[PDB]
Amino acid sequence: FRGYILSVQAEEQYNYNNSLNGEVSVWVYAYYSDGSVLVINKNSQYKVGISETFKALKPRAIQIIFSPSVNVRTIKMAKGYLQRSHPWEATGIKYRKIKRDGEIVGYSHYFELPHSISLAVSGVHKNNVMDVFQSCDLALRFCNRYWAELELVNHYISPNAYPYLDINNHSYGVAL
């Protein structure tokens, strides 16, 4: 009964987090020319996005990670002539699934930048208008820098149970 009630209560949050009331989160990792990882996090209800400008301090590559509640088909990205520029690309196809014990812990899109990048990304939850408007207002933004990837892995990634893929293609995350 300590394992029955423990596991009959563990699945009372995967069928909740995946149920609109569940948040949807995104991380944008900017990997820098000195190996330091800067990470913007945003968590929100209904939909979530990030819009930041990444410049010297020089940025080399990008990883964007969604919680498994996102509708991968809904992801869009806007990278920065105005008269002939499209407002975004639907890059969901380019996201690789991050698995732990055969469970999706997140989705990772990784790409390098040619040797200052401006970046926006948006995704919607898997699935009244005033509720969504409030959700924009309640989205919480966390922004941190880490000197080396291991430092981010050891103190940002592993303590917080966050889905990740480090530089040797090791998947971090927690199966539920």
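Throughout, we count residues from 1 along the sequence that is shown. Rigid core here is just the name for the largest C-alpha set that superposes within 1.5 Å across the two forms.
Item checked: in 5 other deposited structures of this protein, rigid core aligned: more displaced of 47-55 and 118-126 by C-alpha RMS -> More C-alpha displacement in 5 other deposited structures of this protein shows up in 47-55.
Notebook entry, point to check: How do 154-162 and 16-24 compare in 5 other deposited structures of this protein: which one has C-alphas farther from this form after the rigid core is matched?
Noted result: So, of the two stretches, the farther one in 5 other deposited structures of this protein is 16-24.
Checklist line | Gap size, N128 back to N127 (deposited sequence, no coordinates) | finding: Gap between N127 and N128: 10 or more residues without coordinates.
Next item on the list: Would you mind comparing 118-126 and 141-149 for me and telling me which has the higher average C-alpha temperature factor in the entry?
Entry: In the deposited entry, the stretch with the higher C-alpha B-factor mean is 141-149.
Notebook entry, point to check: For the stretches 10-18 and 159-167, which has the higher mean C-alpha B-factor as given in the deposited record?
Noted result: 10-18 has the higher mean C-alpha B-factor.
Next item on the list: Just grab whichever of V39, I65, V70, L57 has the top CA B-factor as deposited.
Entry: The C-alpha B-factor peaks, among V39, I65, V70, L57, at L57.
Check: Which is it among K76, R84, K79, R96: the one with the largest CA B-factor in the entry?
Finding: That would be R84.
Item checked: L113 by Cα B-factor - lowest, middle or highest third of the modelled chain -> Top third by C-alpha B-factor.
Next item on the list: Taking the chain's C-alpha temperature factors as the reference, tell me which third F133 falls into: lowest, middle or highest.
Entry: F133: CA B-factor falls in the lowest third of its chain.
Checklist line | Chain thirds of CA B-factor: placement of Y32 | finding: Its C-alpha B-factor belongs to the highest third of this chain's values.
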